[PDB]
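Report on the following structure.
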Ligand code: HEM
Ligand SMILES: [O-][O-]
Ligand SMILES: [Cl-]
């Protein structure tokens, strides 16, 4: 469980993400695909983006990052009360996209990296710990929904 103060730290840095959702999403995916190359293999339409400049220029990838971060931000703003928002994401990611929970951990690492790179002054130790707890809760709850649907993530 997160305290209310921890949720406030999560939502304080998230407001900074919201000043440029597209750019944060690009940086997150570029970091994810470089750090854990197996993850790019899940994205059929991004595999031909073979250099960083191609990834940054891709409208398709840019729009995808906004879709991802918007869903995550909506979940974070529920402060744990997120079953209704989480279920469709578990449904598609378990049954259509086939994303292991470990890949959600990889994406979480990239999120934390970009947040700290862009906002170090608003992403100190307490805020990092809060975001780690929030993203763990998200992943734990997704993992339970995966199993309820019959998918071992
Ligand atoms: C914070 C974690 C994540 C969130 C919030 C998230 C959210 C979303 C959302 C909202 C969509 C569009 C609707 C849907 O199909 O569900 C989506 C699509 C998708 N996601 Fe995720 N996602 C996450 C992590 C991942 C990871 C780690 C991968 C793969 C390595 C992945 C692969 C996909 C794919 C392949 C699609 C379909 C994209 C398309 O064809 O346009 N996602 N995601
Ligand atoms: O990728 O969601
Ligand atoms: Cl939440």
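Numbers in chain A track Swiss-Prot; the residues on display, in order, are 2-154.
The header says X-ray crystallography, 1.2 Å.
Cβ coordinates are placed from backbone N, Cα and C, and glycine is handled just like the others.
Secondary structure at residue 65 (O2 binding site), taken from DSSP and collapsed to helix, strand or coil, is helix. What Swiss-Prot records for 65 is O2 binding site.
Under a cutoff of 8 A between CB atoms, and with a sequence separation of 6+ in the same chain, the neighbours of residue 65 (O2 binding site) are 26, 30, 47. The nitrite binding site annotation in Swiss-Prot covers 65 and rests on similarity to another entry.
Within the same chain, residues at least 6 positions away in sequence whose Cβ sits under 8 Å from that of residue 94 (heme b binding site) are 100, 105, 143, 147. Per Swiss-Prot, the feature heme b binding site maps to 94.
Per Swiss-Prot, phosphoserine is recorded for 4. Under a cutoff of 8 A between CB atoms, and with a sequence separation of 6+ in the same chain, residue 4 (phosphoserine) has no neighbours.
Cβ-based neighbour count (10 Å, all protein chains) for residue 68 (phosphothreonine) stands at 11. The phosphothreonine annotation in Swiss-Prot covers 68.
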